[PDB]
$ cat target_28.tsv   # TSV, C-alpha atoms
chain	number	residue	atom	x	y	z
J	1	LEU	CA	4.31	-24.74	-14.70
J	2	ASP	CA	7.48	-22.67	-15.07
J	3	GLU	CA	5.49	-20.00	-16.91
J	4	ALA	CA	2.72	-20.21	-14.30
J	5	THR	CA	5.19	-19.75	-11.43
J	6	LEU	CA	6.94	-16.89	-13.23
J	7	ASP	CA	3.63	-15.10	-13.83
J	8	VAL	CA	2.61	-15.61	-10.19
J	9	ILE	CA	5.94	-14.25	-8.94
J	10	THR	CA	5.73	-11.27	-11.30
J	11	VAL	CA	2.21	-10.48	-10.08
J	12	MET	CA	3.27	-10.80	-6.43
J	13	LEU	CA	6.36	-8.63	-6.94
J	14	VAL	CA	4.28	-5.75	-8.34
J	15	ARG	CA	4.10	-3.69	-5.15
J	16	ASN	CA	4.83	-5.49	-1.89
J	17	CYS	CA	6.64	-8.69	-2.93
J	18	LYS	CA	6.33	-10.35	0.46
J	19	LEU	CA	7.90	-13.46	-1.06
J	20	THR	CA	9.05	-16.76	0.45
J	21	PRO	CA	12.46	-18.48	0.55
J	22	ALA	CA	10.95	-21.08	-1.78
J	23	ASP	CA	10.22	-18.25	-4.22
J	24	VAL	CA	13.80	-17.01	-3.86
J	25	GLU	CA	15.13	-20.50	-4.60
J	26	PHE	CA	12.79	-20.73	-7.60
J	27	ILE	CA	14.11	-17.40	-8.93
J	28	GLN	CA	17.69	-18.48	-8.28
J	29	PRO	CA	18.65	-22.08	-7.45
J	30	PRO	CA	21.15	-22.25	-4.57
J	31	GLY	CA	24.19	-23.26	-6.59
J	32	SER	CA	23.19	-22.34	-10.14
J	33	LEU	CA	26.13	-20.20	-11.33
J	34	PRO	CA	25.04	-16.77	-12.64
J	35	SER	CA	24.07	-16.70	-16.31
J	36	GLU	CA	25.45	-13.23	-17.11
J	37	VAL	CA	28.49	-12.36	-14.94
J	38	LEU	CA	30.06	-9.14	-16.27
J	39	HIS	CA	32.41	-6.37	-15.17
J	40	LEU	CA	32.05	-2.57	-15.18
J	41	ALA	CA	35.13	-0.36	-15.43
J	42	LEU	CA	35.28	2.98	-13.63
J	43	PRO	CA	37.81	5.81	-14.11
J	44	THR	CA	40.79	5.69	-11.77
J	45	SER	CA	40.14	9.30	-10.74
J	46	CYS	CA	37.32	8.02	-8.51
J	47	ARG	CA	39.65	6.06	-6.20
J	48	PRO	CA	39.83	8.49	-3.22
J	49	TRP	CA	36.05	8.64	-2.58
J	50	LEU	CA	34.94	5.05	-3.12
J	51	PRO	CA	32.52	4.75	-0.15
J	52	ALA	CA	30.67	7.94	-1.02
J	53	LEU	CA	30.29	6.58	-4.55
J	54	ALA	CA	28.99	3.33	-3.07
J	55	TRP	CA	26.31	5.21	-1.16
J	56	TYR	CA	25.37	7.29	-4.21
J	57	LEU	CA	25.10	4.18	-6.38
J	58	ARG	CA	22.99	2.40	-3.75
J	59	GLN	CA	20.67	5.39	-3.70
J	60	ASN	CA	20.56	5.69	-7.49
J	61	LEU	CA	19.84	2.04	-8.32
J	62	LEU	CA	16.50	2.21	-6.50
J	63	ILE	CA	15.00	4.02	-9.49
J	64	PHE	CA	13.61	0.79	-10.97
J	65	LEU	CA	15.02	-2.22	-9.06
J	66	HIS	CA	13.81	-2.81	-5.51
J	67	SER	CA	15.37	-4.37	-2.42
J	68	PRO	CA	14.33	-7.84	-1.20
J	69	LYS	CA	12.50	-8.39	2.09
J	70	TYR	CA	10.36	-11.46	1.59
J	71	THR	CA	9.02	-13.04	4.79
J	72	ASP	CA	11.79	-13.76	7.30
J	73	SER	CA	13.65	-12.14	10.18
J	74	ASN	CA	16.32	-14.82	9.73
J	75	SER	CA	19.07	-14.99	7.13
J	76	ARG	CA	18.83	-18.77	6.89
J	77	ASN	CA	19.04	-19.55	3.16
J	78	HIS	CA	17.75	-16.05	2.34
J	79	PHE	CA	20.05	-15.23	-0.58
J	80	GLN	CA	23.36	-16.47	-1.93
J	81	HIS	CA	26.11	-13.91	-1.26
J	82	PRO	CA	29.34	-14.42	-3.20
J	83	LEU	CA	32.06	-12.52	-1.31
J	84	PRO	CA	29.59	-11.03	1.21
J	85	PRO	CA	31.75	-8.47	2.95
J	86	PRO	CA	25.30	-8.33	9.29
J	87	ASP	CA	25.10	-6.38	6.03
J	88	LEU	CA	24.09	-7.53	2.56
J	89	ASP	CA	23.64	-5.81	-0.80
J	90	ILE	CA	21.43	-7.77	-3.20
J	91	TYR	CA	18.77	-6.36	-5.52
J	92	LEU	CA	15.93	-7.90	-7.50
J	93	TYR	CA	14.67	-6.73	-10.90
J	94	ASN	CA	11.31	-7.64	-12.44
J	95	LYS	CA	10.82	-7.48	-16.19
J	96	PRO	CA	7.69	-5.77	-17.52
J	97	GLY	CA	5.33	-7.13	-20.16
J	98	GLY	CA	6.25	-6.07	-23.68
J	99	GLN	CA	4.85	-6.00	-27.20
J	100	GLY	CA	1.76	-8.13	-26.68
J	101	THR	CA	3.24	-10.64	-24.23
J	102	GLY	CA	6.55	-11.92	-22.90
J	103	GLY	CA	7.17	-10.35	-19.52
J	104	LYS	CA	8.57	-13.27	-17.55
J	105	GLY	CA	11.83	-11.93	-16.15
J	106	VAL	CA	12.89	-11.84	-12.49
J	107	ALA	CA	16.60	-11.61	-11.68
J	108	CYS	CA	18.79	-11.27	-8.58
J	109	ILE	CA	22.01	-9.22	-8.59
J	110	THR	CA	24.73	-9.21	-5.92
J	111	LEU	CA	27.33	-6.88	-7.42
J	112	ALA	CA	30.31	-5.56	-5.48
J	113	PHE	CA	33.77	-4.13	-6.20
J	114	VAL	CA	36.95	-5.99	-7.14
J	115	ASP	CA	38.40	-4.27	-4.07
J	116	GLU	CA	36.99	-3.42	-0.65
J	117	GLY	CA	36.46	-0.18	1.23
J	118	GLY	CA	38.62	0.51	4.26
J	119	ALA	CA	39.61	4.15	3.83
J	120	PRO	CA	41.05	20.74	-6.46
J	121	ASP	CA	42.08	21.12	-10.08
J	122	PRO	CA	38.88	22.59	-11.59
J	123	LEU	CA	36.61	21.13	-14.26
J	124	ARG	CA	34.89	21.58	-17.69
J	125	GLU	CA	34.61	19.78	-21.04
J	126	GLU	CA	38.12	18.29	-20.91
J	127	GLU	CA	37.02	16.29	-17.85
J	128	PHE	CA	33.23	16.10	-18.43
J	129	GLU	CA	33.23	12.89	-20.50
J	130	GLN	CA	36.72	11.85	-19.41
J	131	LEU	CA	35.69	11.26	-15.79
J	132	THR	CA	32.04	10.15	-16.01
J	133	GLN	CA	31.89	8.27	-19.32
J	134	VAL	CA	32.20	4.49	-19.18
J	135	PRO	CA	38.66	-0.06	-9.78
J	136	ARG	CA	36.05	-2.46	-11.17
J	137	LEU	CA	32.48	-3.32	-10.17
J	138	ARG	CA	31.68	-6.91	-11.10
J	139	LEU	CA	27.96	-7.60	-11.46
J	140	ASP	CA	26.31	-10.99	-11.83
J	141	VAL	CA	22.68	-11.89	-12.43
J	142	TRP	CA	20.45	-14.94	-12.15
J	143	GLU	CA	18.16	-14.77	-15.19
J	144	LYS	CA	15.14	-17.01	-14.54
J	145	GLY	CA	13.01	-16.24	-17.57
J	146	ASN	CA	13.41	-13.83	-20.47
J	147	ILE	CA	15.67	-11.01	-19.29
J	148	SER	CA	17.13	-10.47	-22.77
J	149	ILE	CA	20.27	-8.61	-21.75
J	150	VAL	CA	20.40	-5.95	-24.45
J	151	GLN	CA	18.43	-3.58	-22.21
J	152	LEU	CA	19.94	-4.52	-18.85
J	153	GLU	CA	23.63	-3.81	-19.41
J	154	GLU	CA	22.72	-0.25	-20.38
J	155	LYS	CA	20.18	-0.21	-17.53
J	156	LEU	CA	23.15	-0.17	-15.17
J	157	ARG	CA	25.65	1.61	-17.43
J	158	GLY	CA	23.64	4.82	-17.12
J	159	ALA	CA	22.74	4.06	-13.50
J	160	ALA	CA	26.45	4.16	-12.69
J	161	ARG	CA	27.22	7.01	-15.12
J	162	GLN	CA	24.86	9.24	-13.13
J	163	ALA	CA	26.06	8.17	-9.69
J	164	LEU	CA	29.42	9.56	-10.83
J	165	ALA	CA	28.15	13.01	-11.81
J	166	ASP	CA	26.03	13.30	-8.66
J	167	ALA	CA	28.93	12.34	-6.41
J	168	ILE	CA	31.28	14.79	-8.12
J	169	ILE	CA	28.88	17.75	-8.02
J	170	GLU	CA	28.12	17.12	-4.36
J	171	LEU	CA	31.81	16.70	-3.55
J	172	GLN	CA	33.57	19.27	-5.75
J	173	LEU	CA	31.25	22.01	-7.01
J	174	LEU	CA	29.12	22.24	-3.86
J	175	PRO	CA	31.42	23.53	-1.06
J	176	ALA	CA	32.46	26.56	-3.13
J	177	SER	CA	31.53	29.65	-1.12
J	178	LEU	CA	29.77	32.29	-3.20
$ encode --input "target_28.tsv" --output "structure tokens"
Amino acid sequence: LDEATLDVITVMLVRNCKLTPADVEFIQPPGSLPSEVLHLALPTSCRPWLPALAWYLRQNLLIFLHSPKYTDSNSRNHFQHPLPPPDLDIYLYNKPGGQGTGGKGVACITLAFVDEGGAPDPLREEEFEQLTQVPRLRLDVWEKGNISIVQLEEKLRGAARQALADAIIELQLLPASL
């Protein structure tokens, strides 16, 4: 019945994913500590423009993982929010079928920073991979199925390695008058 429920949830989450709080609890029990808590380290040069980077990362993650809006206009037992701060940032990822079978992965992530947000010398190869290559961003997941994290850690390593380049080019190289 676990496989049946996982397949049903995966089918429902294909396009609309108008889920139920029961489905959310099934995906992640309210109290089951995350299976894969990890930390991502960012260069210290990115300290001054943290909130812009937050917006760029929020925009860039939506490439493959979608936001949750299941069935409710109330936040009563909607999603567990470790260190929440009206505003929430949680994202669900659905695993695809692979090989001949085995797509039964649906995970919830509620990553934030180790800190909180309350507030040039040119460029080129010396700083290309010394400012974008990888202030911490702890990320934790609730793996209900077969997530197989050998293709998920990189799935957000790049997704944050590009939100850096985009932020820098929009912030530094853009306002230069021709």
$ closest_residue --input "target_28.tsv" --among "J:46, J:108, J:65, J:14" --to "residue 30 in chain J" --atoms "all atoms listed in the file"
J:108
$ closest_residue --input "target_28.tsv" --among "J:121, J:115, J:166, J:23" --to "residue 79 in chain J" --atoms "all atoms listed in the file"
J:23
$ closest_residue --input "target_28.tsv" --among "J:24, J:55, J:60, J:36" --to "residue 77 in chain J" --atoms "all atoms listed in the file"
J:24
$ closest_residue --input "target_28.tsv" --among "J:91, J:172, J:35, J:128" --to "residue 145 in chain J" --atoms "all atoms listed in the file"
J:35
$ residues_around --input "target_28.tsv" --residues "residue 6 in chain J" --least-positions-apart "6" --cutoff "8 Å" --atoms "all atoms listed in the file" --output "PyMOL selection string"
chain J and resi 104-106+145
$ residues_around --input "target_28.tsv" --residues "residue 11 in chain J" --least-positions-apart "3" --cutoff "12 Å" --atoms "all atoms listed in the file" --output "list in words"
residues 4, 5, 6, 7, 8, 14, 15, 16, 17, 18, 19, 94, 95, 96, 97, 103, 104, 105 and 106 of chain J
$ closest_residue --input "target_28.tsv" --among "J:20, J:177, J:146, J:130" --to "residue 72 in chain J" --atoms "all atoms listed in the file"
J:20
$ closest_residue --input "target_28.tsv" --among "J:165, J:141, J:119, J:131" --to "residue 44 in chain J" --atoms "only C-alpha atoms"
J:131
$ atom_distance --input "target_28.tsv" --atom1 "CA of residue 158 in chain J" --atom2 "CA of residue 109 in chain J"
16.5 Å
$ atom_distance --input "target_28.tsv" --atom1 "CA of residue 112 in chain J" --atom2 "CA of residue 138 in chain J"
5.9 Å
$ atom_distance --input "target_28.tsv" --atom1 "CA of residue 171 in chain J" --atom2 "CA of residue 39 in chain J"
25.8 Å
$ residues_around --input "target_28.tsv" --residues "residue 33 in chain J" --least-positions-apart "4" --cutoff "9 Å" --atoms "all atoms listed in the file" --output "list in words"
residues 29, 37 and 142 of chain J
$ build_atoms --input "target_28.tsv" --residues "range 98-111 of chain J" --atoms "N, CA, C and O atoms" --output "tab-separated table (two decimals), in the frame of the given file"
chain	number	residue	atom	x	y	z
J	98	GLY	N	5.86	-6.84	-22.50
J	98	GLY	CA	6.25	-6.07	-23.68
J	98	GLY	C	5.57	-6.60	-24.92
J	98	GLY	O	5.17	-7.76	-24.99
J	99	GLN	N	5.44	-5.70	-25.90
J	99	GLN	CA	4.85	-6.00	-27.20
J	99	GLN	C	3.38	-6.37	-27.03
J	99	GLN	O	2.52	-5.48	-26.91
J	100	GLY	N	3.08	-7.66	-27.01
J	100	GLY	CA	1.76	-8.13	-26.68
J	100	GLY	C	1.82	-9.08	-25.50
J	100	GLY	O	0.85	-9.25	-24.76
J	101	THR	N	2.99	-9.70	-25.32
J	101	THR	CA	3.24	-10.64	-24.23
J	101	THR	C	4.72	-10.94	-24.15
J	101	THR	O	5.48	-10.67	-25.09
J	102	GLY	N	5.16	-11.51	-23.03
J	102	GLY	CA	6.55	-11.92	-22.90
J	102	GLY	C	7.27	-11.35	-21.70
J	102	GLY	O	8.50	-11.39	-21.65
J	103	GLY	N	6.53	-10.81	-20.74
J	103	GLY	CA	7.17	-10.35	-19.52
J	103	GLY	C	7.25	-11.46	-18.50
J	103	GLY	O	6.32	-11.67	-17.71
J	104	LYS	N	8.37	-12.18	-18.49
J	104	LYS	CA	8.57	-13.27	-17.55
J	104	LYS	C	9.99	-13.24	-16.99
J	104	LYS	O	10.64	-14.28	-16.87
J	105	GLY	N	10.47	-12.05	-16.63
J	105	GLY	CA	11.83	-11.93	-16.15
J	105	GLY	C	11.94	-11.45	-14.72
J	105	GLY	O	11.42	-10.38	-14.37
J	106	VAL	N	12.60	-12.23	-13.87
J	106	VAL	CA	12.89	-11.84	-12.49
J	106	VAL	C	14.31	-12.29	-12.17
J	106	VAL	O	14.61	-13.49	-12.18
J	107	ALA	N	15.19	-11.34	-11.87
J	107	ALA	CA	16.60	-11.61	-11.68
J	107	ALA	C	17.10	-11.05	-10.36
J	107	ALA	O	16.56	-10.07	-9.84
J	108	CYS	N	18.14	-11.69	-9.82
J	108	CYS	CA	18.79	-11.27	-8.58
J	108	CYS	C	20.23	-10.90	-8.88
J	108	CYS	O	20.94	-11.64	-9.57
J	109	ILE	N	20.67	-9.75	-8.35
J	109	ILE	CA	22.01	-9.22	-8.59
J	109	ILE	C	22.68	-8.97	-7.25
J	109	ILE	O	22.05	-8.44	-6.32
J	110	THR	N	23.95	-9.34	-7.14
J	110	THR	CA	24.73	-9.21	-5.92
J	110	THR	C	26.09	-8.60	-6.22
J	110	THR	O	27.13	-9.09	-5.80
J	111	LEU	N	26.09	-7.49	-6.97
J	111	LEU	CA	27.33	-6.88	-7.42
J	111	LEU	C	28.10	-6.27	-6.27
J	111	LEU	O	27.52	-5.81	-5.28
